[PDB]
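Asks: Return a 3D structure for these sequence lines:
(2 chains)
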Number of protein chains: 2
Amino acid sequence: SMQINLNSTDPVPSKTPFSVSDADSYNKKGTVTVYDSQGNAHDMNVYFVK
Amino acid sequence: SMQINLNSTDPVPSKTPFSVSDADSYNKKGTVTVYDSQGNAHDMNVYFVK
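Replies: Numbers count the residues shown, from 1 in each chain, chains lettered A, B, ... in the order given. You can find the structure just below:
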């Protein structure tokens, strides 16, 4: 579980197609780390786009 | 009997051919003292390689 605040006045990103390493490709970036059965840390990026 | 806790995030050692004179060739070293019927101490070494 996680909680996030969204900007109600934030415009849509200029570049409509989604990218992985572009600053303007999406609005906000989020990261969540979980552990598998073996205990290894898995980094799951959460991308916020409008 | 021994109990060894290993690392799942341990990468395979770079050197493909096993070496006894190089530490990187084996992931872990395990000395075990074993006694015979005379009293001599056998320094048994157990090597972990992933």
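Asks: okay, CA-based contacts and neighbour counts for the rest of this
Replies: Noted.
Asks: and stretch A:14-27, how far apart are its ends?
Replies: Criterion CA to CA, to the nearest Å; first-to-last residue distance in stretch A:14-27 is 10 Å.
Asks: Excluding covalently adjacent residues, which one is nearest to the residue lying farthest from the centre of chain A?
Replies: Ranking residues of chain A by C-alpha distance from their mean position (CA atoms, centre = their mean) puts residue A:38 at the top, at 25.5 Å. Computed as CA to CA, 6 or more residues apart in numbering or on different chains, the closest residue to residue A:38 that is not its neighbour in sequence is residue B:8, at 7.1 Å.
Asks: need the strands for chain A, in chain order.
Replies: A:28-35, A:41-48 (DSSP state E).
Asks: you'd agree residue A:35 is up against residue A:42?
Replies: Yes. With contact defined as CA atoms under 8 Å, residue A:35 counts as touching residue A:42 (6.0 Å).
Asks: one step back: could you export the strands of chain A as TSV, including distance to residue B:16 and mean neighbour count?
Replies: Shown next, in TSV, are the strands of chain A (distance: least, CA to CA, whole Å; neighbours: other CA atoms under 10 Å in any protein chain shown):
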stretch	distance to residue B:16	mean neighbour count
strand A:28-35	30	11
strand A:41-48	27	12
